[PDB]
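A short write-up of the structure that comes next.
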Amino acid sequence: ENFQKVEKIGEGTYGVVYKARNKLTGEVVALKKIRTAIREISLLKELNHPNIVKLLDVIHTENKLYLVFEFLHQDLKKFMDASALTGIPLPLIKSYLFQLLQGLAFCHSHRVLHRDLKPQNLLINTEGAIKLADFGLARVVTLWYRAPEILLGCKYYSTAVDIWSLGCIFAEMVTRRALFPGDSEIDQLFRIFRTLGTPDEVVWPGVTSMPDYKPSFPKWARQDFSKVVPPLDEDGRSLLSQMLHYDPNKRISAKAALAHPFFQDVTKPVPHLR
Ligand SMILES: CO[C@@]1(C)[C@H](O)C(=O)C(C)=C2OC(=O)c3c(C)cc(O)c(C)c3O[C@@H]21
C-alpha cells in the first residue's frame, strides 16, 4: 500500500489508529484500519471547516475499510493533564470553547452530530487552534460527557447532545476535574441529578415518559453553580447553565452561544505544547 505505518497512536472500537506517511505525497496522516455505512461515512469528506479534522480518503479495498485524516500532534486531554498544576489560562479556555462552538455550528447546520464528543478527540496545534475529531462517523468507554436524554434511553438524539458534552469539557478545563465522572449508566445519571437536581415535568416536560426513567429515582435538590465551577465569572456560569439545561429544546444552540456576552473579550492566544 502507498502508506508507511510510523507507529500506533491508539485503539478504537471497530479498528486501530496509526501515524502513517502517504508514499505519493510525503504527507503525514492519521490512518484508521477497520475490520450502506461506507456511503454514509464518505459524505463527511465534503465537510471543510477550520475546526473540523479533515477526512482525506475513505478506501474500500481488499474488502477492508481504511479512513485517512489530517494529522495533529496533541489532544485536549493530554493538554489538560499537562496543564494540571497551573491550570489553562482563561483566555486560552475562552478561545478553544468559541472555536469548538463554530465547529459544532458548522456540523449542526449540515445535519451532522458527533454523539461521543470528549476531550480525547479534540486536537490542538501551535497556532492555538482546536479541531473536532471522530465527527459524524458513529451514526469500556467513559460516559462522563453523555447527555441525560441518551442515559434515559431516547433513540432520537438532536444537536443538543453535543452542546451538553462541550459544557462538560468547558467545566473540566476551568475546574481541572471531570464535572460528572460516572462509572456506570445509573452512577453517571445520579451524578448529574446530585448537581442539577433530579429532573421533573416542571423543568423537563416528557422526562417521566423517557424509556429508562423510573419513578423510583431519588429526588435530589439542585446545587448552586458558584460551588460547581468556581472561580468562573457570571458570564461563564450563565453560558454553562444554558449549555446544561435538562430539556434539549431549552438547551442553547451553538449559533446562539457564539453571541453570548462571555465571548465579548475573546482573543486567540498560543499555547506551549511539548
Ligand atoms: C492524539 O490523538 C489520538 C491518538 C487520541 O489519543 C485518541 O484518543 C484517538 C483514538 C485518536 O484517534 C483518531 O482517530 C485520530 C484522528 C481521527 C485524527 C488525528 O489527526 C489523530 C491524531 C487521531 O488520533 C487520536
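Heads up: the sequence shown is residues 2 to 36, 47 to 150, 163 to 297, going by the deposited numbering. Beta carbons are placed, not taken as given, at the ideal position from N, Cα and C, and that holds for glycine.
- DSSP places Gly259 within a helical segment (H, G or I) once states are collapsed to three.
- Rounded to whole angstroms, the gap between the alpha carbons of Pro130 and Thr231 is 31 Å.
- Remark: three or more beta-carbon pairs, one from each stretch, lie closer than 8 Å, so the segment 185-199 and the segment 88-108 are flagged as touching.
- Around the beta carbon of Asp86, 16 or more other beta carbons sit within 10 angstroms, so the residue counts as buried.
- Look at the beta carbons and you see the segment 235-255 touching the segment 209-222: at least three pairs across the two are nearer than 8 Å.
- One Cα belongs to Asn136, the other to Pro234, and the distance between them is close to 42 Å.
- With fewer than 16 other beta carbons inside 10 angstroms of its own, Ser120 counts as exposed.
- With respect to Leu267, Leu189 sits apart: the two C-beta atoms are not nearer than 8 Å.
- In this structure, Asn132 has its beta carbon less than 7 Å from a heavy atom of ligand 1.
- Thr165 carries a coil assignment under DSSP once its states are collapsed to helix, strand and coil.
- Inter-segment contact for the segment 54-61 and the segment 13-21 is absent: fewer than three beta-carbon pairs are separated by less than 8 Å.
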